[PDB]
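Everything on this sheet refers to the single structure shown next.
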Amino acid sequence: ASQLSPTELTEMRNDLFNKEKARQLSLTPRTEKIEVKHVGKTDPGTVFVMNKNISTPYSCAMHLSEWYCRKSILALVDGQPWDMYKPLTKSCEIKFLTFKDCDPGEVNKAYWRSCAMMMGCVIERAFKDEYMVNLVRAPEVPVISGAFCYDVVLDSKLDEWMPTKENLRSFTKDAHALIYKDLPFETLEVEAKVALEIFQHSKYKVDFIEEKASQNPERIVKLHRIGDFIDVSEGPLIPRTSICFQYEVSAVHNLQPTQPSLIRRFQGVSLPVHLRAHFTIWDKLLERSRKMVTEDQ
Amino acid sequence: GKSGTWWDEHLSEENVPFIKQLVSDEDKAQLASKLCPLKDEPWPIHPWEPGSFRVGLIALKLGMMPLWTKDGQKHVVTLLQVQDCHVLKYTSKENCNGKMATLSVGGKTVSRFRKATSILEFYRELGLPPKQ
Amino acid sequence: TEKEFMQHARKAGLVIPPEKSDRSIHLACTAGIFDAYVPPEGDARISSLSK
Amino acid sequence: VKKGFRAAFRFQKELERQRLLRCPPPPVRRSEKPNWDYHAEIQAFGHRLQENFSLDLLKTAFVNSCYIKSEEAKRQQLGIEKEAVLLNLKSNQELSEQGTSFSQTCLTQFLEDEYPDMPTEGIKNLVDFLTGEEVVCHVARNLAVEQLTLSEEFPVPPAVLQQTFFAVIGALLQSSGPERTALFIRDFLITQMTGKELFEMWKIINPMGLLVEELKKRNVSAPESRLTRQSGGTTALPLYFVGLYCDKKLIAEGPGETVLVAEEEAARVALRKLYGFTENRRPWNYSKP
Amino acid sequence: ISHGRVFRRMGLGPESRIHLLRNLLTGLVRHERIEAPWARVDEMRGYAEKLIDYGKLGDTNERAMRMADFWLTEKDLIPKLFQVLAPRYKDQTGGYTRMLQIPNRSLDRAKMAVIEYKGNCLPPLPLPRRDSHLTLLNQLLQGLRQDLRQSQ
Amino acid sequence: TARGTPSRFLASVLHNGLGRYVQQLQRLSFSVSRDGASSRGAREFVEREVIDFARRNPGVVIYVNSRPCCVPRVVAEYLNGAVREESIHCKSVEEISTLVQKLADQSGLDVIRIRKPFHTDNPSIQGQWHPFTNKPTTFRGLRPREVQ
Amino acid sequence: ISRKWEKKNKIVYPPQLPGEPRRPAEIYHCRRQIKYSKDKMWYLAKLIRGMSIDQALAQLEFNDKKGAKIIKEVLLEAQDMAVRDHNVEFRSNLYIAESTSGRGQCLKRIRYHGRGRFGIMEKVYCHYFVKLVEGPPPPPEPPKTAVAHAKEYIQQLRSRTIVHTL
Amino acid sequence: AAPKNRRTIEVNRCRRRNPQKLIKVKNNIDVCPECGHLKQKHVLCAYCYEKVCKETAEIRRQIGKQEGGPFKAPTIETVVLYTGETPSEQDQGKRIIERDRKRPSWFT
Ligand SMILES: [Zn+2]
């Protein structure tokens, strides 16, 4: 830990991320073939001959049809939800999950994780430079609650203020500007040592990486990026950042008595393009999302 | 290309009656909230002057009926029902044409699911059901 | 006001010379191999001079 | 059919012309076309500008290094020995060096004696423009040195064209007098300045700062900008005339659509007046002493 | 001007319209599922409702007997109407003759409907299911409902 | 017709008359026939006047091909890359001499509508007119109906 | 008769230098002598003109016109041959660049008008031409804004000279 | 009434190429959740309807085989059975039609 400008911190973080991605692309010498089967319901028996650690379930959807690319939000690699731009590794079986499936719980969780990550990206780059803004983590609140949340610790000078409606609308406008540019949710699986060396600064992120690499015997934590923002998240994410259609930030709340310092919780609600609600229903959801949600035990 | 949509397209079998019930209750509560104009903050009430004109209303044509006068004559009448008539907005004398002030008045209540979004925002700010 | 279309064409070859002819098609090659040369299974291992 | 041959020949020629128009072939060198005699072309070139070149020196000035490398590569790949003249082709490098150096010094002397109140930076940028790639390439192409040039890449890349042009200048310098070649570079390079503004060859960035430091050099206190005229300020098509006053005395004026651009134009006008490069200046005197 | 004018002009006259609807209704009673142009199916559905009501009026009712005798042209579906169809809808009041839109007729590109009496031992039609309650919007609305119940 | 044809402005090639005048004609290539009634004027032009023309102007390279042709021709090539081809088919020697002298006299620029037969690069010396020329100023620059 | 659209798939390009754009694949297909009117076919081709392959097939599947299924068949064979012959990996990564109809060879019949008079009936035929380019459909040109309108008006004002003088 | 003058190709293009005469783009089209064969909203899927119609046709052919001749219409309910699938206790009085198949996994 030393003195570093946030801009140079982002540049060095991106450089390390790209170097790791390059070495992951490079340790495989030649193009290898995988026979990924389609265990879905609409196009059964379809096998794709894809490239190892190069091609993606979005590429499989491109082979199938354009509707698959448009509607498929998650993949299922033999048991598990994969984000749409994660290169495939072994000869597997695949199934595409959309927002209107019978059991869309996995895609709901992934969509809310993505929305929380976008909200954190908007928050980190919307405050004065001489305040220290640090992201603690995004609690894995359930969709049945009113909103997704992000925990942020601000510098000591801002332990007495509260953002007003204009500032909240500014946060929503930043979120919509982020939505307007189609940014893929790039993914990466790295080792614990590399994960620590990318961040190297925030003790909150350090303990987050420790907690996320302890339960894995291989000490691997997932890493995701939109544009030049990099966050640590649990579980996969949605392919594109324009999937969200309605996006807002509702309010921010404090939880002081659990720590000498102050941790704020930003809350927000979003609805995808496939599931847009009417003006009145969206107003109802907006009004509910302003309530504090406490699901951490 | 974004497909069209209506209010109850993605709503579930159980969520449709809930949404209808909740929206109707909010509508009725908003309608009942305006029952006491003289207690909220009434605008000053001026005496009637000779060259003065007051506001009208929006009614609904119910039908026609016979009627008789004390001299035995018969006249046909038309029944006009005032369903939900409220004053919506008031423009100043100089803000429309400088000739006369204007009062906008709304008719019977309609559904919020089939109105323009700007109209919905206007009625949300006013705190009243939308008018036909 | 009395005209139709034409050019009835077929795009497949056939065996019409043997139907009736006193001359035959002169061939220059054969159908396959008289007998396949089975290579030794460990030819790569025995790629040296001799054993 | 109709009997005859004249209409058929005419239509065949028309069709050939239309095919050539629709699918034009890539352009080729003039040396690759039928009517070409290189010695006659060189002599006519020398004669047309009314100069007495040394013939061998002109050939040397028209040879290029890349041409020599291509020829030796061709001979070594064909396995044929041609080491009788390839080892003596003696490319135009030194002639180009001499020509470029003398052209720079002569243009500098000309412009310095024509505009004494010019800065060294302004004179240097004027010389850089006049010897610049685009101007010398245009002059060389219009004077037909691109035809006699020997090199690959028939386009004759602008660097190679400029090198050969200054090699011709140096060959004239070696063959004849420095005064003669000074007249040559006058006639074919100074004339390129006609109808051009100073700040179209200098390409300055901060005219106000330049004017301020010029007045500081000249012991002039400071120019204050005042709005001398305006017509329409609340419209989308405004006109402003801003004048620069030094010690309550007007030194320059400039128009613009905005006050800022009007002030910048006034500063540019002041710089032009101070440096003596105006549209009203004495035209260049093309004559003989 | 056709303000408030039900009963579209179908055949070559009112009698032709009635006979076309009668043929469609007889086919529906026989087959439990009939595909035909959309407007004719609409009129025939309106008629099939009241046919089932007349069947529920009772076997021994003379008026119902005459109505069934007119509206069924095969005379072997009248026992069906009185002892299979009417006793099938004893509990329900008016909820039968499900009607759906099928893509289009091939030749003249006519708008086509399918109509079926409910019950219908035939295989089920691909009915349009509503969105599942586990979707994101429905889960948000369910959370709103639970929060409202708690606030009550 | 001008509306049905291209146009250009009056111009020089490389500022010809500013320093030294240079002959814009580069090459003349003649196709003339040994036999053939149509190449008789060209034949006698080559016999007599081509040598004197070449001696008169040495900045022009003249080639004579002498090939069988039904239509003798002259191709004029100019310093600016312009190529012009003319037929000297069944022309007298005086006609051909006038043609070649005209070719040597012209520049390579296109013979199209000339559009305003003068080209000045400094049209104004005392300053171009603008709506504020010939307009007096007011005290403090006060526009009409002002207060201070 | 001319058949030049058929021979546009026989063009062989020289191998690209390594550092070059991808040069997306280019597939031409057509159907000749369709028993349909060329104007009626032009309307469907105009609708299909700018879409991607999947969107065009979707639009043609629910059009109740005789030529809609014909164009759908042509597009399906074009897609199959694009993937099979012209080395297009993603079957959905195709868009329609050119889609047009042309007149075919027709026939003439007698019409027998209501006297000893008559007319000549024409039995109409048409061709359909399609061209698929590998890659996503190009974005539509956005309408020009008031900023662009003002910019071009200002440039028009600035471009004007003093005419018929020096 | 006869046309006084021939209509030009420019006028004809303006008339027959304006947006009122063009085909409109429809946004009712989405994928069928079952069979994924591109149905249209508010309209049944052609693939699924054809499947159901084929099964109904086979069942009706069996009905005609069992019924004998015309004018039969049994006065009892009906139930369709498949390979195995012993009849249930509730469907006693019903007519039984079992053709020969494995029950499709959409008809229960
Ligand atoms: Zn289906």
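A note on names: the letters A, B, ... follow the listed sequences, proteins ahead of strands, and every chain is numbered from 1.
The line from SG of A:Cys102 to CZ of E:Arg129 is 6.0 Å long, rounded to the nearest 0.5 Å. To the nearest 0.5 Å, atoms NE2 (A:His274) and OG1 (E:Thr135) are separated by 13.0 Å. Distance CD/E:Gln146 to CZ/A:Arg288: 7.5 Å, rounded to 0.5 Å.
Residue-environment remark: OH (A:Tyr180) stays at or below the threshold of 12 foreign heavy atoms within 6.0 Å. Crowding of E:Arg145 atom CZ: a count of heavy atoms from other residues, nucleotides or ligands under 6.0 Å exceeding 12. Other residues, nucleotides and ligands contribute at most 12 non-hydrogen atoms within 6.0 Å of the CD atom of E:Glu62. Enclosure of atom CZ in E:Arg66 is not indicated, since only 12 or fewer non-hydrogen atoms of other residues, nucleotides or ligands lie within 6.0 angstrom. Counting non-hydrogen atoms of other residues, nucleotides and ligands closer than 6.0 Å to CD of A:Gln80 gives a total of 12 or fewer. Annotation: A:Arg264, atom CZ; neighbour count of heavy atoms from other residues, nucleotides and ligands within 6.0 Å is above 12. Heavy atoms from other residues, nucleotides or ligands lying under 6.0 Å from CZ of A:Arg125 number more than 12. Counting non-hydrogen atoms of neighbouring residues, nucleotides and ligands closer than 6.0 angstrom, the CD atom of E:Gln92 exceeds 12 such neighbours.
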| query | Could you go step by step and tell me if A:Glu287 and E:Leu144 meet the side chain to side chain contact (heavy atoms under 4.5 Å, CB included) rule? | reply | CA-CA 10 Å; A:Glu287 151 177 27; E:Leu144 201 182; over 6 Å; no
| message | Using side chain to side chain contact (heavy atoms under 4.5 Å, CB included), reason through E:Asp131 and A:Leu275 one step at a time and then give a plain yes or no. | response | CA-CA 10 Å; E:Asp131 251 356; A:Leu275 296 175; 4.2 Å; yes
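Here the side chains of A:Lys284 and E:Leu141 are not in contact, with every heavy-atom distance at 4.5 Å or above. Counting heavy atoms from C-beta on, the side chains of E:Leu140 and A:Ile281 never come closer than 4.5 Å. Looking at E:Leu136 and A:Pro272, their side chains come closer than 4.5 Å, going by heavy atoms from C-beta outward.
With A:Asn108 contributing its side chain and E:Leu134 its backbone, the two residues share a donor-acceptor pair below 3.5 Å.
For a residue to count as touching a neighbouring chain, one of its non-hydrogen atoms must lie under 4.5 Å from one of that chain's; by this rule A:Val269 touches chain E with the side chain only. For A:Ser270, the part lying under 4.5 angstrom from a heavy atom of chain E is the backbone only.
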